[PDB]
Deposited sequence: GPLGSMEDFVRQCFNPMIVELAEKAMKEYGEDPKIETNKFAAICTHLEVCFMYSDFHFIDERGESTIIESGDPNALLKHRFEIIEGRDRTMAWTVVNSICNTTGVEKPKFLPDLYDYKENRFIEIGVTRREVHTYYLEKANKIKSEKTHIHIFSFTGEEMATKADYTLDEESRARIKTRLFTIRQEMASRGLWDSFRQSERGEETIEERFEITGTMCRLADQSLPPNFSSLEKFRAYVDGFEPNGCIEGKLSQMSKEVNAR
């Protein structure tokens, strides 16, 4: 009754999500078979990105060349400052890029880590946790109540399904600062 996180990933996430996540890992010489807790964290963040977007241009998940092409194309269609890193989404409504975080640590710690990495005055940050806690730039949450509620619900489902397999203990304890 300690299961394999790799088998859990391929069984409980959409295959398009798993493949995008495998691609993101192999891109940086990480093996999804080895760094399995990371492989689940990456799938989860991908899934949250897709849920948040249902107005929004998806950046995360794309091949890096295509992602940057898309980011530059928006920045010169609009006024927007060009991010130093490469966000997760663009919001056509509020006309800003967004970075999404999903954390198993304290949401404040993670929010400020992200703010300090990206050093942007324009990019919106929105962090979710597996506890139902969330934090978003200027207390502007962008989406409505039941839409954020659905994301928080999917996060609970992942956590309980990991718990079922004996995987949550290690998953919850193995996030480090980026």
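Against the full deposited sequence, the model leaves out several stretches, namely 1, 56-79, 204-261.
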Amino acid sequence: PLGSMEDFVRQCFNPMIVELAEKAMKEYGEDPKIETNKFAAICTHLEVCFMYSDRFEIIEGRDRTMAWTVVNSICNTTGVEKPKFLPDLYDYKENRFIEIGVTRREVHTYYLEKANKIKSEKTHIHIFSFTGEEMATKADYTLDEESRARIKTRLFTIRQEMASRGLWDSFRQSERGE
From here on, numbers count along this sequence of modelled residues.
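For the cut-off of one third of the other compared entries, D54 qualifies: that many or more give it no coordinates while modelling its flanks. Taking the mean C-alpha B-factor of each stretch as recorded, 89-97 and 72-80 are not equal, and the higher mean is that of 72-80. Just going by the entry, 166-174 versus 9-17 on mean CA temperature factor gives the higher value to 9-17. Reading the B-factor column for the CA atoms of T131, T44, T137, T109 in the entry, the top value corresponds to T131. When the C-alpha B-factors of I58, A115, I127, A40 are read from the PDB record, the largest value belongs to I58. Annotation for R159: C-alpha temperature factor in the lowest third relative to the rest of the modelled chain, per the entry. Sort the chain's modelled residues by C-alpha temperature factor and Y28 lands in the highest third, per the entry.
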